[PDB]
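Have a look at the structure below before the remarks.
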Amino acid sequence: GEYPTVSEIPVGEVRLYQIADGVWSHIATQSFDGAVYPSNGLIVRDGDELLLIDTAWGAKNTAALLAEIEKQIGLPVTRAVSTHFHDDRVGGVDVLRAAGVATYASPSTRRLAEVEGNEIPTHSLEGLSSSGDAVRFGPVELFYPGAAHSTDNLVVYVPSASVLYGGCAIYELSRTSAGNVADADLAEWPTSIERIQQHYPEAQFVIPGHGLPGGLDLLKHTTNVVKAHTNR
Ligand SMILES: O=C(O)c1cccc2c1O[B-](O)(O)[C@@H](SCc1ccccc1)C2
Ligand SMILES: [Cl-]
Ligand SMILES: [Cl-]
Ligand SMILES: [Zn+2]
Ligand SMILES: [Zn+2]
Ligand SMILES: [Zn+2]
């Protein structure tokens, strides 16, 4: 097709995909419980610098990510935001820090990462602890929709491009059964998704944490999958 998939990406390689002017996704792959999964993050041009959303799921992949950014874009990554505390979002933070990137997460994410033993972004994102909270972070808005995939999950909106990055709280359309839900709040996840719809109804591109981008139709789709799992 056009968007990169697992079959195209050996573990250890990273692809970039331009979504809109000054907005890319990054796509990596990783082994998990006997299978290989793709995983997305985001890159947003921030003047003559770059803002990174999420690691590429591990130190080796994140080093490859920084090299691909330098090759293909050539602007410095100065800040990064991790959208929750799991390894596909913070695994590789130490590589970012060693490369001079100022790494950020909410206090909720930093607390959960510490308890779990995952890498801990250094700087705090305040103003996001209550469902419905939004704060500006340069060329993006950060939004805490409520507990969903995890209790700390954030979504990221790029207003200049109408790109909504949903992270692991939003599933791609071809996913028809739940992904990893060990730390999820199944009871609240649909309510949290509806908060995203109410806050970003103008979004034109919606990027899931794993798999193919689409539009806002990914939201009701995710709710339908989560409700089906709830009823297992
Ligand atoms: O997003 C998904 O659904 C997804 C699916 C497969 C692997 C992964 C996924 O994302 B994540 O952030 O949960 C992570 S596993 C997080 C975890 C691991 C072990 C014990 C508890 C929690 C990587
Ligand atoms: Cl700083
Ligand atoms: Cl559906
Ligand atoms: Zn997760
Ligand atoms: Zn700093
Ligand atoms: Zn995930």
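We count ligands from 1, going down the list as the structure has it; atoms in each ligand are counted the same way. The chain is numbered in sequence order, starting from 1.
Nearest N/O/S atom of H84 relative to the Zn ion (ligand 4): this is NE2. No other N/O/S atom of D88 lies as close to the Zn ion (ligand 6) as OD2 does. Between the Zn ion (ligand 5) and the N, O or S atoms of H123, the shortest distance is to NE2. The closest approach of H86 to the Zn ion (ligand 4), by N/O/S atoms, is made by ND1. When the N, O or S atoms of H210 are ranked by distance to the Zn ion (ligand 6), NE2 comes first.
Within the 2.8 Å limit, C168 places at least one N, O or S atom next to the Zn ion (ligand 6). Distance check for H149 against the Zn ion (ligand 6): none of its N/O/S atoms falls below 2.8 Å.
At a cut-off of 3.5 Å, with distance as the only test, a side-chain donor of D183 or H86 sits close to an acceptor on the other residue. Checking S39 against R89 by side-chain atom types alone, a donor-acceptor pair falls below 3.5 Å.
In this structure the side chain of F137 reaches within 4.5 angstrom of the side chain of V81, judged on heavy atoms.
Annotation: the span from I69 atom CD1 to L50 atom CG amounts to 6.0 Å, rounded to 0.5 Å.
Ring pair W57/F32 is tilted by interplanar angle, where 30° to 60° counts as tilted.
Aromatic pair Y157/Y165: centroids not less than 6.0 angstrom apart.
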